[PDB]
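Enquirer: Sending over data_6.txt (compact mmCIF, C-alpha atoms).
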```txt
# COMPACT_ATOMS: atom_id res chain seq x y z
CA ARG B 404 63.89 35.83 49.49
CA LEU B 405 67.24 36.76 50.96
CA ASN B 406 67.36 40.36 49.71
CA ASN B 407 63.74 41.40 49.02
CA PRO B 408 61.40 41.62 52.04
CA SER B 409 58.28 42.23 49.96
CA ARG B 410 58.77 39.27 47.63
CA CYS B 411 56.61 36.38 48.87
CA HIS B 412 53.74 34.19 47.70
CA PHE B 413 51.34 31.47 48.78
CA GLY B 414 51.73 27.77 48.30
CA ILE B 415 49.92 27.92 44.97
CA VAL B 416 52.33 27.30 42.07
CA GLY B 417 51.42 26.90 38.45
CA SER B 418 51.37 28.15 34.91
CA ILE B 419 49.11 29.09 32.02
CA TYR B 420 50.10 27.40 28.75
CA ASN B 421 49.44 30.47 26.64
CA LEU B 422 51.12 32.54 23.94
CA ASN B 423 52.13 36.20 24.36
CA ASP B 424 50.04 37.32 27.36
CA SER B 425 46.85 35.77 25.93
CA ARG B 426 44.33 33.16 27.08
CA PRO B 427 45.48 29.58 26.49
CA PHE B 428 44.56 27.96 23.17
CA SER B 429 44.64 24.43 24.52
CA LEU B 430 45.05 21.09 22.79
CA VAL B 431 41.36 20.31 23.30
CA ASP B 432 40.47 23.78 21.98
CA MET B 433 42.26 23.19 18.69
CA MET B 434 40.72 19.72 18.28
CA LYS B 435 37.16 20.59 19.42
CA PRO B 436 36.10 21.97 15.98
CA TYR B 437 36.94 18.64 14.36
CA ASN B 438 35.25 16.67 17.13
CA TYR B 439 32.06 18.69 16.69
CA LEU B 440 32.20 18.06 12.94
CA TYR B 441 32.80 14.36 13.55
CA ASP B 442 29.61 14.31 15.62
CA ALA B 443 27.58 15.93 12.83
CA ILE B 444 28.72 13.62 10.02
CA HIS B 445 28.30 10.48 12.13
CA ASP B 446 24.76 11.68 12.82
CA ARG B 447 24.07 11.63 9.07
CA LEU B 448 25.73 8.21 8.97
CA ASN B 449 23.43 6.83 11.67
CA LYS B 450 20.24 8.07 10.02
CA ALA B 451 21.42 6.65 6.70
CA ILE B 452 22.14 3.29 8.35
CA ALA B 453 18.69 3.31 9.97
CA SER B 454 16.64 4.13 6.87
CA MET C 1 -5.78 10.29 2.29
CA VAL C 2 -5.36 14.04 2.65
CA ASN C 3 -9.02 15.11 2.66
CA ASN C 4 -11.69 13.90 5.05
CA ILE C 5 -14.47 11.58 3.86
CA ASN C 6 -17.66 13.58 4.29
CA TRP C 7 -20.66 11.37 3.53
CA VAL C 8 -23.46 12.19 1.10
CA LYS C 9 -26.42 10.19 -0.16
CA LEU C 10 -26.45 8.37 -3.48
CA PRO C 11 -28.90 10.76 -5.27
CA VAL C 12 -26.17 13.44 -5.30
CA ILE C 13 -24.58 11.45 -8.13
CA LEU C 14 -27.83 11.67 -10.08
CA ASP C 15 -27.90 15.48 -10.19
CA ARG C 16 -24.61 15.17 -12.05
CA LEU C 17 -25.53 12.38 -14.46
CA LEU C 18 -28.90 13.80 -15.50
CA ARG C 19 -27.18 17.02 -16.58
CA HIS C 20 -26.36 14.87 -19.61
CA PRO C 21 -29.47 14.44 -21.80
CA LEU C 22 -28.42 10.96 -22.94
CA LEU C 23 -28.29 9.77 -19.32
CA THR C 24 -31.84 10.86 -18.46
CA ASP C 25 -33.25 7.33 -18.19
CA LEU C 26 -30.99 6.54 -15.22
CA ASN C 27 -32.49 5.58 -11.86
CA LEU C 28 -31.58 5.20 -8.23
CA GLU C 29 -31.71 1.44 -8.88
CA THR C 30 -29.09 1.76 -11.61
CA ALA C 31 -27.08 4.19 -9.50
CA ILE C 32 -27.07 1.67 -6.63
CA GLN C 33 -25.61 -1.19 -8.65
CA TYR C 34 -23.04 0.87 -10.55
CA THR C 35 -21.83 2.46 -7.31
CA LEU C 36 -21.11 -0.88 -5.66
CA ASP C 37 -19.31 -2.12 -8.77
CA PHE C 38 -17.28 1.09 -8.72
CA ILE C 39 -16.61 0.98 -4.96
CA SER C 40 -15.37 -2.60 -5.33
CA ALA C 41 -13.28 -2.13 -8.47
CA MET C 42 -11.36 0.77 -6.94
CA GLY C 43 -10.79 -1.07 -3.68
CA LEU C 44 -10.14 2.05 -1.64
CA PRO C 45 -9.95 1.12 2.07
CA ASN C 46 -10.95 4.68 3.07
CA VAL C 47 -14.50 4.24 1.73
CA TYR C 48 -15.28 1.52 4.30
CA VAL C 49 -16.15 1.85 7.98
CA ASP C 50 -13.83 0.19 10.47
CA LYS C 51 -15.70 -1.93 13.00
CA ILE C 52 -14.63 -4.23 15.85
CA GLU C 53 -16.77 -7.09 17.18
CA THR C 54 -16.09 -9.85 19.68
CA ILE C 55 -17.47 -13.22 18.61
CA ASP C 56 -17.18 -16.52 20.44
CA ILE C 57 -15.76 -19.63 18.79
CA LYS C 58 -17.66 -22.80 19.62
CA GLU C 59 -15.47 -25.51 18.13
CA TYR C 60 -13.00 -24.10 15.59
CA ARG C 61 -15.94 -22.12 14.16
CA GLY C 62 -17.61 -18.81 14.87
CA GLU C 63 -20.34 -16.77 13.25
CA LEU C 64 -19.19 -13.64 11.55
CA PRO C 65 -21.09 -10.31 11.57
CA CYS C 66 -23.66 -9.55 8.90
CA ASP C 67 -22.08 -6.34 7.59
CA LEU C 68 -18.57 -7.77 7.24
CA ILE C 69 -16.76 -7.12 3.95
CA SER C 70 -13.07 -7.51 4.76
CA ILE C 71 -11.29 -8.50 7.95
CA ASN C 72 -8.49 -6.23 9.11
CA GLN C 73 -7.27 -8.60 11.82
CA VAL C 74 -8.61 -11.35 14.05
CA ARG C 75 -7.11 -11.55 17.54
CA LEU C 76 -7.78 -13.37 20.78
CA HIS C 77 -9.87 -11.58 23.37
CA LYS C 78 -8.08 -12.62 26.56
CA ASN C 79 -4.52 -12.21 25.25
CA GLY C 80 -4.80 -9.71 22.45
CA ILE C 81 -2.42 -11.90 20.44
CA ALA C 82 -3.32 -11.82 16.76
CA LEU C 83 -4.11 -14.79 14.54
CA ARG C 84 -2.36 -15.06 11.19
CA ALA C 85 -3.81 -17.45 8.63
CA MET C 86 -4.77 -21.08 8.23
CA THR C 87 -2.40 -22.92 5.94
CA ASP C 88 -3.24 -26.33 7.46
CA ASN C 89 -5.09 -28.68 5.14
CA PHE C 90 -6.40 -30.84 8.02
CA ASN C 91 -7.19 -28.22 10.65
CA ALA C 92 -9.95 -29.28 13.06
CA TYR C 93 -9.62 -32.89 11.96
CA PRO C 94 -7.98 -35.39 14.33
CA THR C 95 -5.67 -38.29 13.57
CA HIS C 96 -6.07 -41.67 15.25
CA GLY C 107 0.71 -24.04 17.82
CA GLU C 108 0.53 -20.46 16.61
CA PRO C 109 -3.21 -19.76 16.30
CA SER C 110 -4.86 -19.12 12.97
CA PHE C 111 -8.13 -18.28 11.30
CA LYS C 112 -9.88 -18.84 7.99
CA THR C 113 -13.06 -17.25 6.70
CA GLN C 114 -15.24 -18.31 3.78
CA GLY C 115 -18.84 -17.23 4.21
CA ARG C 116 -20.50 -16.05 7.37
CA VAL C 117 -18.34 -18.58 9.24
CA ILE C 118 -14.79 -18.10 10.51
CA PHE C 119 -12.65 -21.22 10.98
CA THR C 120 -10.06 -20.85 13.73
CA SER C 121 -7.40 -23.09 15.26
CA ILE C 122 -8.75 -22.61 18.81
CA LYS C 123 -11.67 -24.67 20.04
CA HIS C 124 -13.55 -22.65 22.69
CA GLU C 125 -12.44 -19.02 22.74
CA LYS C 126 -13.69 -15.48 22.23
CA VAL C 127 -12.00 -13.50 19.45
CA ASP C 128 -12.05 -9.84 18.47
CA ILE C 129 -12.51 -9.20 14.76
CA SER C 130 -11.57 -5.80 13.37
CA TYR C 131 -13.26 -5.47 10.00
CA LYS C 132 -14.61 -3.16 7.33
CA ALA C 133 -18.24 -2.61 6.40
CA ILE C 134 -20.18 -0.29 4.08
CA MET C 135 -21.64 2.90 5.52
CA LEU C 136 -25.42 2.99 5.16
CA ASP C 137 -28.14 5.65 5.39
CA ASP C 138 -31.38 5.95 7.27
CA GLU C 139 -32.39 3.77 4.34
CA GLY C 140 -30.36 0.62 4.08
CA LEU C 141 -28.49 2.11 1.12
CA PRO C 142 -24.85 2.98 0.42
CA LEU C 143 -23.44 6.36 1.37
CA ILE C 144 -20.74 7.83 -0.86
CA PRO C 145 -17.95 10.38 -0.27
CA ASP C 146 -18.67 13.94 -1.30
CA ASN C 147 -15.17 14.15 -2.79
CA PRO C 148 -15.61 15.85 -6.19
CA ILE C 149 -12.84 13.60 -7.51
CA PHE C 150 -14.65 10.47 -6.29
CA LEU C 151 -17.99 11.91 -7.41
CA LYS C 152 -16.69 12.88 -10.86
CA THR C 153 -15.17 9.47 -11.60
CA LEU C 154 -18.20 7.60 -10.25
CA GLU C 155 -20.22 9.76 -12.63
CA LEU C 156 -17.80 8.87 -15.45
CA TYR C 157 -18.05 5.22 -14.44
CA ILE C 158 -21.82 5.15 -14.89
CA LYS C 159 -21.57 7.23 -18.06
CA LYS C 160 -19.13 4.64 -19.42
CA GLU C 161 -21.31 1.65 -18.52
CA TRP C 162 -24.41 3.28 -19.99
CA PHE C 163 -22.56 4.35 -23.15
CA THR C 164 -21.14 0.85 -23.58
CA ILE C 165 -24.68 -0.52 -23.75
CA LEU C 166 -25.64 2.27 -26.16
CA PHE C 167 -22.60 1.54 -28.33
CA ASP C 168 -23.60 -2.12 -28.58
CA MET C 169 -27.07 -0.96 -29.59
CA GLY C 170 -25.64 1.36 -32.23
CA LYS C 171 -26.91 4.53 -30.54
CA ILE C 172 -23.51 6.12 -29.79
CA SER C 173 -20.57 7.04 -31.99
CA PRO C 174 -17.33 5.08 -31.52
CA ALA C 175 -15.67 8.46 -31.04
CA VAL C 176 -18.09 9.25 -28.21
CA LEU C 177 -17.38 6.01 -26.34
CA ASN C 178 -13.64 6.39 -26.94
CA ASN C 179 -13.74 9.79 -25.23
CA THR C 180 -15.68 8.42 -22.25
CA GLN C 181 -13.37 5.41 -21.94
CA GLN C 182 -10.39 7.78 -21.99
CA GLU C 183 -11.79 10.26 -19.48
CA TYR C 184 -12.83 7.57 -17.03
CA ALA C 185 -9.36 6.08 -17.41
CA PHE C 186 -7.66 9.30 -16.34
CA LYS C 187 -9.97 10.11 -13.43
CA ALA C 188 -9.75 6.54 -12.11
CA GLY C 189 -6.03 7.01 -11.54
CA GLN C 190 -6.50 10.48 -10.14
CA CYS C 191 -9.16 9.06 -7.81
CA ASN C 192 -6.86 6.21 -6.81
CA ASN C 193 -4.03 8.61 -6.02
CA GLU C 194 -6.42 10.94 -4.21
CA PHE C 195 -7.34 8.23 -1.71
CA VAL C 196 -4.02 6.37 -1.46
CA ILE C 197 -1.34 9.09 -1.23
CA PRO C 198 -0.87 9.74 2.49
CA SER C 199 -1.58 12.87 4.45
CA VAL C 200 1.17 14.70 6.34
CA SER C 201 0.11 12.86 9.50
CA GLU C 202 0.32 9.46 7.78
CA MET C 203 3.73 10.19 6.27
CA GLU C 204 4.96 10.74 9.83
CA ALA C 205 3.92 7.23 10.84
CA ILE C 206 5.43 6.03 7.56
CA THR C 207 8.60 7.93 8.49
CA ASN C 208 8.87 6.25 11.89
CA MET C 209 8.38 2.78 10.43
CA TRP C 210 10.97 3.40 7.72
CA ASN C 211 13.71 4.90 9.91
CA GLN C 212 14.51 2.25 12.52
CA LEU C 213 18.05 1.54 13.72
CA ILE C 214 16.89 -1.60 15.55
CA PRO C 215 14.32 -2.95 13.04
CA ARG C 216 10.86 -3.64 14.48
CA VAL C 217 9.64 -6.74 12.67
CA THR C 218 6.73 -7.96 14.84
CA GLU C 219 4.00 -5.36 14.33
CA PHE C 220 1.38 -7.94 13.33
CA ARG C 221 1.30 -9.36 16.87
CA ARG C 222 -0.11 -6.06 18.08
CA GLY C 223 -2.87 -4.51 16.04
CA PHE C 224 -0.09 -2.69 14.17
CA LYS C 225 -0.42 -0.34 17.14
CA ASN C 226 3.27 0.54 17.55
CA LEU C 227 3.86 0.49 13.78
CA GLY C 228 4.21 4.23 13.25
CA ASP C 229 5.77 4.83 16.67
CA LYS C 230 9.08 6.66 16.69
CA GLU C 231 12.23 4.70 17.51
CA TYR C 232 14.39 6.39 20.17
CA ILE C 233 18.08 5.73 20.86
CA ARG C 234 19.74 6.57 24.16
CA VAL C 235 22.82 8.79 24.25
CA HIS C 236 25.97 7.19 25.63
```
Show me this structure written as structure tokens.
Expert:
Amino acid sequence: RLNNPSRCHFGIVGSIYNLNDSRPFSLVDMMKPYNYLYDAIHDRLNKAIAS
Amino acid sequence: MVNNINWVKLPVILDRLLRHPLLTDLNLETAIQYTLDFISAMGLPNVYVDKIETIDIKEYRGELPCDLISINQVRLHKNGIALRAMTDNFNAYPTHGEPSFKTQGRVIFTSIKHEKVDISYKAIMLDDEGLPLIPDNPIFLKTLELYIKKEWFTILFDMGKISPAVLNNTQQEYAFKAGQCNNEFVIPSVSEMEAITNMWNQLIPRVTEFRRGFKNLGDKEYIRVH
């Protein structure tokens, strides 16, 4: 930077998609409860189909 | 069946009958005949001994073992493939397939000319004497005792030596225990309800268990994860 000699970084650029200094509650994280419940009910479906 | 079939001799049924002073003229000879009528009329396949014998078929005919009572399956010896049943009316008869068998007496009638076959069958368990051996099940023993008490009292009622209320009680009590004895021998154990569970719950239905000796019948059906 033109005016700050201590301001530098590496090539690594990125971001966390979080809310208010927290750990990111991702799109998969908010859909993973309903995917785990879909796997449990379709298990009951498959044993009902079989018998 | 939940309980195991421990074998006892026929005179153990006579300690129980001769506790009744009207059944004191009973014999082993009468206990032998009334047991075999009772064993037959119940038709419990747990009372019989499973045997397997290989016999050779000469020309669509083979000689059956002497102790045979009911065939479980007949199969071929070299293949293991099982034989179903002869529905042909003109079987070994020429004019001018899937193999089969047919049994009438001590002769089996197959569809194959010159072949050895395994026969899995049921016989009666015998003693050191050539006499029947009965389960020690106090449900079996009680209702065999009530069977003989009902056949002896039926004779005595025809003679006029028994009240009609006495025979009606014996006919009722045999009638209850005969269903309790049927359910005692038929209703599966925990280990037979597991094989019944695996046959019943099948996503890809297994419909050819007769070709084997029903070997893979109670096997569990597995599905891969994908």
Enquirer: Report as a tab-separated table the residues of chain B within 8 Å of chain C, each with its shortest atom pair and distance in Å (one decimal), using only C-alpha atoms, ordered by chain and increasing residue number.
Expert:
```
residue	atom	partner	partner_atom	distance
B:449	CA	C:213	CA	7.8
B:450	CA	C:211	CA	7.3
B:452	CA	C:213	CA	7.0
B:453	CA	C:213	CA	4.2
B:454	CA	C:211	CA	4.3
```
Enquirer: Which of these residues is nearest to residue C:115, using all atoms listed in the file: C:92, C:62, C:12, C:130?
Expert: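 Of C:92, C:62, C:12, C:130, the one nearest residue C:115 is C:62, counting all atoms listed in the file.
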Enquirer: Need to verify the contact set: residue C:58, 9 Å, only C-alpha atoms, exclusion of same-chain residues closer than 5 positions in sequence. Can you return it as a list in words?
Expert: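 Final neighbour list, sorted by chain and number: residues 122, 123, 124, 125 and 126 of chain C.
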Enquirer: Using all atoms listed in the file, which residue out of C:66, C:83, C:176, C:39 lies closest to residue C:22?
Expert: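 Comparing C:66, C:83, C:176, C:39 against residue C:22, the winner is C:176.
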Enquirer: Considering all atoms listed in the file, can you say which of C:136, C:86, C:188, C:233 comes closest to residue C:108?
Expert: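 Of C:136, C:86, C:188, C:233, the one nearest residue C:108, counting all atoms listed in the file, is C:86.
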Enquirer: Mind pulling up the distance from atom CA of residue C:180 to atom CA of residue C:161?
Expert: 9.6 Å
Enquirer: If I take atom CA of residue C:34 and atom CA of residue C:48, how far is one from the other in Å, to one decimal?
Expert: 16.8 Å
Enquirer: Skipping near chain neighbours, those fewer than 2 positions away, what residues fall within 8 Å of residue C:128 using all atoms listed in the file, listed as a list in words?
Expert: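 Once the nearby chain positions are removed, what remains is residues 52, 53, 54, 55, 74, 75, 76, 77, 126 and 130 of chain C.
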Enquirer: What does the distance between atom CA of residue C:5 and atom CA of residue C:144 come to in Å, to one decimal place?
Expert: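 Between atom CA of residue C:5 and atom CA of residue C:144 the gap is 8.7 Å.
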Enquirer: Determine the nearest neighbour of residue C:120 from the options C:194, C:139, C:168, C:56, counting only C-alpha atoms.
Expert: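 Once distances to residue C:120 are computed over only C-alpha atoms, the minimum belongs to C:56.
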